[PDB]
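Laboratory data are not the source of any read-out in this text; all were calculated from the coordinates shown. Methodologically, a virtual Cβ is constructed for each residue, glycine included, from the backbone with ideal geometry; neighbour enumeration extends over all protein chains shown.
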Ligand SMILES: [Fe+3]
Ligand SMILES: [Fe+3]
Ligand SMILES: [Fe+3]
Ligand SMILES: [Fe+3]
Ligand SMILES: [Fe+3]
Ligand SMILES: [Fe+3]
Ligand SMILES: [Fe+3]
Ligand SMILES: [Fe+3]
Ligand SMILES: [Fe+3]
Ligand SMILES: [Fe+3]
Ligand SMILES: [Fe+3]
Ligand SMILES: [Fe+3]
Ligand SMILES: [Fe+3]
Ligand SMILES: [Fe+3]
Ligand SMILES: [Fe+3]
Ligand SMILES: [Fe+3]
Ligand SMILES: [Fe+3]
Ligand SMILES: [Fe+3]
Ligand SMILES: [Fe+3]
Ligand SMILES: [Fe+3]
Ligand SMILES: [Fe+3]
Ligand SMILES: [Fe+3]
Ligand SMILES: [Fe+3]
Ligand SMILES: [Fe+3]
Ligand SMILES: [Fe+3]
Ligand SMILES: [Fe+3]
Ligand SMILES: [Fe+3]
Ligand SMILES: [Fe+3]
Ligand SMILES: [Fe+3]
Ligand SMILES: [Fe+3]
Ligand SMILES: [Fe+3]
Ligand SMILES: [Fe+3]
Ligand SMILES: [Fe+3]
Ligand SMILES: [Fe+3]
Ligand SMILES: [Fe+3]
Ligand SMILES: [Fe+3]
Ligand SMILES: [Fe+3]
Ligand SMILES: [Fe+3]
Ligand SMILES: [Fe+3]
Ligand SMILES: [Fe+3]
Ligand SMILES: [Fe+3]
Ligand SMILES: [Fe+3]
Ligand SMILES: [Fe+3]
Ligand SMILES: [Fe+3]
Ligand SMILES: [Fe+3]
Ligand SMILES: [Fe+3]
Ligand SMILES: [Fe+3]
Ligand SMILES: [Fe+3]
Ligand SMILES: [Fe+3]
Ligand SMILES: [Fe+3]
Ligand SMILES: [Fe+3]
Ligand SMILES: [Fe+3]
Ligand SMILES: [Fe+3]
Ligand SMILES: [Fe+3]
Ligand SMILES: [Fe+3]
Ligand SMILES: [Fe+3]
Ligand SMILES: [Fe+3]
Ligand SMILES: [Fe+3]
Ligand SMILES: [Fe+3]
Ligand SMILES: [Fe+3]
């Protein structure tokens, strides 16, 4: 039952990606409230930051304790330019979540190639959460194409942050 | 993360199959009560009709909203002959549920072939429900080989419609 | 007390109309959320879909069991073009509900002509629901002529889906 | 939808393995309390015995009823030597649980090779439980390398037997 | 207070008998539901399986811890032919329970011959349970001579599995 | 009321320090459980990780929104060697917390030098928490000099994680 190093590397890559995204979203959340005057967009993006820096990384760390994989902490991230407006800000979040889906797809494919069925099982959470997170983010993007009034949008976002689909969680 | 057209077509096929089955079962339910004098068989088959026309189709439609697949509504179904008796009626329902299992198997196989792990994830509900639905239907078929008394059978069916296995739901 | 074949045919026609409308509205609901970014319009139209495919058809089927009329299931419907925008989408729903009112009027007229007072009684539900459904749909159409802001409209629709008039139900 | 004989054989093999493990653990539990003076280690290993002889075998039997596979009961097991001490005893349990993981891996691999997606679905419980059970057993092994005092260890085990991870159950 | 080896051997024999019966009944329970279409007969026989594999063996193991007797686990059982019908199936269970009564009788007789009053005390549970278990099994056998309708019988069995006589438990 | 750039820089430095410490402690927590077999030490250090990555950074970000200071996210941290044992691990945590106290001292001194009384006010939380956090960490270090038994220590840590001093919180 010897652990796959290929899977170990990919999952450490995914760990690093969730830590670094989490830190970028913490910054985007600050900017959404502060410079863009959209504190509810900030709270939405702050919850996403805490999701990435919480269970997304905790499950990988927990998974490693169980199977002998080694955890690596190597983290480099700098927020050097901000998107120009809130619409572009949430559009940026969307692009990164879309890449999350691509990365976890590669992990599932690898686990099947490695006959690592425990790792294929484990990744199903991330396969599901990739679409869930993307959908939540997409729900906000749509608002910026439905109203020119940032207070209208803000009020809608607040109802969104104040439930689990049977399949997608 | 570009959506698979092969999967899009198969899942629209599966959508159409659940709508049309749902309409056939609505009719079989009417016949079970009306002509066959078995209103509890009718209620069992009516619940199956509402299952097919409800979540079985709603999840596909919901899945498409999330990933960019397009929904197609093209529906042709006519109930042109009725099975001759209730035993043959529920035996017919069984045959169609057995084909449900075959169709969702092809969808899972395709998703792996396409490296569409979100679609493989999504189909697991249908992989599981194929056996669940078949088992519930099989529970009724067995009654018609255990008693010659339609009122005995009817009473057993009523207890069946008045719970979730850990694995099969 | 021999059942009217004219009434039997009209009521099977009405059954087919409610199944097919129900399937068209299921599609319109998907489009309202997905392409038009109006998930509450979608929920309104989805509830209308489940109304048409539920009691509107169940009462006819139930009525037939009681009086000897035969149920026919013959269903052909394809959603081949979508209205161009949400206003046109809900305007389309309105046009179809207006035809519902015309069809049930013809059924009441026929029942009186046939001295089928049980069928005149039974149709009173549909006479009443024709106006009820049309009014609910009209309440939404009016929103699209009162605001240019789809998020404003969406918020109003949500309060509408979150009561029974003494006469019109 | 004809059931796979290869899968049928493997799953009967797995059934036999869970019955026989269950009987070996029942014995190890007795020895842990009686000869090793560690009644809480006994209760931990007794719960593992009842797990193996309960749902681990019941799900396979239940799965067979649903799909047409045949159940085989052929059981030979004799506990002919006992490990020399409690540390070696729980280390032995660990080795057997590690082989459980290897056996269920082969079953998942086979189901994909057979395009038996219902059997791949069904085995996911066992894929997950292989790691869960191994982790619980590993939690105890670690105690024997952290203390030389069997009463210290025993007290820790008792808190362990007096919760479900989101992924691993 | 030196423990009797004759009693030790007989009680290890009885332990082995309860494990092996338990495994045979687990199989008979599966067959009752699956092939004979009698899931309530299955639940009755499954409860009997868990009784034999539970307290019937746990008390012997517990008794040994207290008095110095050694536990032996040596188990060989294969279900190589199934009775032809449900009546014969439950009739078979009856025959085996009748032999349980004969075996525990020999154990009580031995304990008196050995002046092992703790073992005579301990066996009184098994003396009592031999008749209890036989009576419960006999209650089901009688059903197969009172009705030709397996659904009638099944309904009666279900009320039987959904209380303790003052003497026989 | 023009914001101090010196204070802005120091507080961005402190922000970066709390993010990076938080990530180092997340790793140390994993190692404490996994390699050192001390899951309660892990939970203690994991809570410290979430403290540093939570309110310690959120208050700085919140403070900046209020006064016009700019937030900078620039994060580089790699866990390249692990301390050799748990005692050294928690001793390392202690050393870093002791430097926290030194850094916040410099911030208070600067705020008085700048006549930034809002920043002197704001830092009082961090002045207080520097000692609080150090005391909690010191409570654990002491355990490693009071017992040679890692299970004894582990049990004490668990009571520690299962209250607010009037002055130090
Ligand atoms: Fe990644
Ligand atoms: Fe604010
Ligand atoms: Fe969330
Ligand atoms: Fe590790
Ligand atoms: Fe803006
Ligand atoms: Fe392979
Ligand atoms: Fe997430
Ligand atoms: Fe408003
Ligand atoms: Fe509001
Ligand atoms: Fe509100
Ligand atoms: Fe299909
Ligand atoms: Fe009825
Ligand atoms: Fe159901
Ligand atoms: Fe769409
Ligand atoms: Fe019939
Ligand atoms: Fe491939
Ligand atoms: Fe279903
Ligand atoms: Fe009855
Ligand atoms: Fe009854
Ligand atoms: Fe009843
Ligand atoms: Fe009842
Ligand atoms: Fe009509
Ligand atoms: Fe939505
Ligand atoms: Fe309504
Ligand atoms: Fe009829
Ligand atoms: Fe629109
Ligand atoms: Fe007239
Ligand atoms: Fe209506
Ligand atoms: Fe409002
Ligand atoms: Fe409101
Ligand atoms: Fe409100
Ligand atoms: Fe096996
Ligand atoms: Fe004890
Ligand atoms: Fe357990
Ligand atoms: Fe079977
Ligand atoms: Fe020992
Ligand atoms: Fe293949
Ligand atoms: Fe288990
Ligand atoms: Fe203690
Ligand atoms: Fe305690
Ligand atoms: Fe306690
Ligand atoms: Fe015996
Ligand atoms: Fe069953
Ligand atoms: Fe009992
Ligand atoms: Fe012993
Ligand atoms: Fe039979
Ligand atoms: Fe004597
Ligand atoms: Fe018993
Ligand atoms: Fe009853
Ligand atoms: Fe009753
Ligand atoms: Fe600092
Ligand atoms: Fe742990
Ligand atoms: Fe704290
Ligand atoms: Fe700012
Ligand atoms: Fe250590
Ligand atoms: Fe001064
Ligand atoms: Fe703190
Ligand atoms: Fe204690
Ligand atoms: Fe305690
Ligand atoms: Fe305590």
(Q) Sorted from largest to smallest, which semi-axis lengths in Å does the alpha carbon gyration tensor of the protein assembly as shown give for its equivalent ellipsoid, taking the root of 5 times each eigenvalue? (A) 52, 52, 22
Q | Ranked B:28, D:15, criterion: other C-beta atoms within 10 Å, fewest first | A | D:15, B:28
**Q.** Projected area averaged over orientations for the range E:43-116, convex hull of C-alpha atoms, nm²
**A.** 6.4
**Q.** Cβ neighbours within 10 Å from other chains - mean over D:116-128
**A.** 6
Q.
Return the chain C residue and its Cβ-to-axis distance, rounded to the nearest Å, for the rotation relating C to B.
A. C:76, 3
Q.
Could you work out [θ]222 nm for the protein assembly as shown from helices alone, using -39500 (n - 2.57) per DSSP H run of at least four and dividing by all its residues? Round to the nearest 500 deg cm²/dmol.
A. -26000 deg cm²/dmol
Q: Would you kindly work out, in nm and rounded to one decimal, the distances from the label point of residue B:115 to those of the same position in each other copy, ordered shortest first, with label points 7 Å along Cα-to-Cβ?
A: 2.1, 2.1, 6.6, 7.7, 8.3
(Q) I'd like the mean, over residues of F:16-23, of how many other protein chain beta carbons sit within 10 Å of each residue's own Cβ. (A) 2
Q: Would you compute the Debye intensity of the range B:1-57 from its alpha-carbon atoms alone, equal scatterers and no solvent, and pass along log10 I(q)/I(0) at q = 0.30 Å⁻¹ to two decimals?
A: -1.02
**Q.** Likely footprinting exposure, E:119, C:163, D:4, fewest C-beta neighbours within 10 Å first
**A.** C:163, D:4, E:119
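Using Cα-Cα distances under 8 Å and only pairs 6 or more residues apart, what relative contact order does the range C:3-105 have, in percent?
For the range C:3-105, the relative contact order is 34 percent.
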**Q.** Pairwise centroid distance, computed over Cα atoms, of the range E:70-148 with the range B:107-162, Å
**A.** 38
Q.
What is the ratio of the Cα radius of gyration of the range D:84-169 to 2.2 N^0.38 Å, with N the residue count, to two decimals?
A. 1.36
Q: Quick one: with label points 7 Å out along Cα→Cβ, list the inter-copy distances for residue F:161 in nm, shortest first?
A: 2.4, 2.9, 4.3, 4.3, 5.2
(Q) Could you list B:51, B:9 so that the one with the fewest beta carbons within 10 Å of its beta carbon is first and the one with the most is last? (A) B:9, B:51
**Q.** Along principal axes, Cα extents of chain E, largest first, whole Å
**A.** 57, 36, 22
